[PDB]
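Next up is one chain by itself, shown in structure tokens, the form deposited in one PDB entry.
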């Protein structure tokens, strides 16, 4: 990655970072919590480091191929926004990055450093991570095993356990933060068992999740 000692300098990706990423993917596959873990392990990442982390995954090649497809789409839209002059470059001067330069396929580490450490920075690392996360979210959703519609409380299931499944499903199904805030007063109640549902109805509306979990405890 790029970090300050100080000044902004390139640092070797650590065995710890490399191992942490591979292990989280081995253990959790594309459970949605893997995404913010990817983001935090890739703190300060050059595009080279981002390729390194993705390339070190041995499984999930279906997913990695879908991710390439997402990255080419984003790359093509970059090149539509920021077309570069095809003429040869000014001696000693910074060339403008292309989609494939951001994706690290046609850029060197040195060019990647040049861009990221420029005043002001061309943040090719951050632009690329954005594309990658956009792609990883598609895969979380694809790999989401269960519709929120099939998350219903078992007659003998503690409410808290039911709500954990519900909001875990909502997260993988990529429901917006609004519909997460809103499903409380709608589908969470409708999908609750009769006993708890009766209690929840009687709370009336405006009931916090904390109050609902209290009520059906």
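Positions refer to the first chain, counted from 1. Shifts are known only where both forms have a C-alpha. Here, rigid core means the biggest group of C-alpha atoms that superpose within 1.5 Å across both forms.
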Task: Other entries omitting residue 86, at least a third - done: yes
Task: Flanks modelled, residue 152 absent in at least a third of other entries - done: no
Task: Residues of the deposited sequence that sit between residue 6 and residue 5 yet are not modelled - done: 1 to 3
- [ ] Report the stretch with the higher mean CA temperature factor, choosing between 204-212 and 13-21 on the basis of the entry.
- [x] 204-212
TODO: Compare the mean C-alpha B-factor of 100-108 with that of 115-123 as given in the PDB entry, and name the stretch with the higher value.
DONE: 115-123
TODO: From the list 160, 68, 180, 60, select the residue with the highest C-alpha B factor recorded in the entry.
DONE: 180
Task: Chain-relative CA temperature factor third for residue 93 - done: highest
TODO: Would you mind ranking residue 185 by its C-alpha B-factor against the rest of the chain and naming the third, lowest, middle or highest?
DONE: highest
Open item on the list: Taking only the Cα B-factors deposited for this chain, tell me whether residue 171 sits in the lowest, middle or highest third.
Closed with: lowest
TODO: Using the B-factors in the PDB entry, rank residue 152's C-alpha atom against the chain and give the third, lowest, middle or highest.
DONE: middle
Task: residue 141 - Cα temperature factor, lowest/middle/highest third of chain - done: highest
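FYI, the form deposited in another entry isn't displayed, but the following is about it.
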Open item on the list: Once the rigid core is superposed, exactly one of 64, 37, 179, 187 has its CA displaced by 2 Å or more between the shown form and the other one; which residue is that?
Closed with: 179
Open item on the list: Residue runs between the shown form and the other one with every C-alpha shifted 2 Å or more, at least 3 long, rigid core fitted, in sequence order please.
Closed with: 175-185
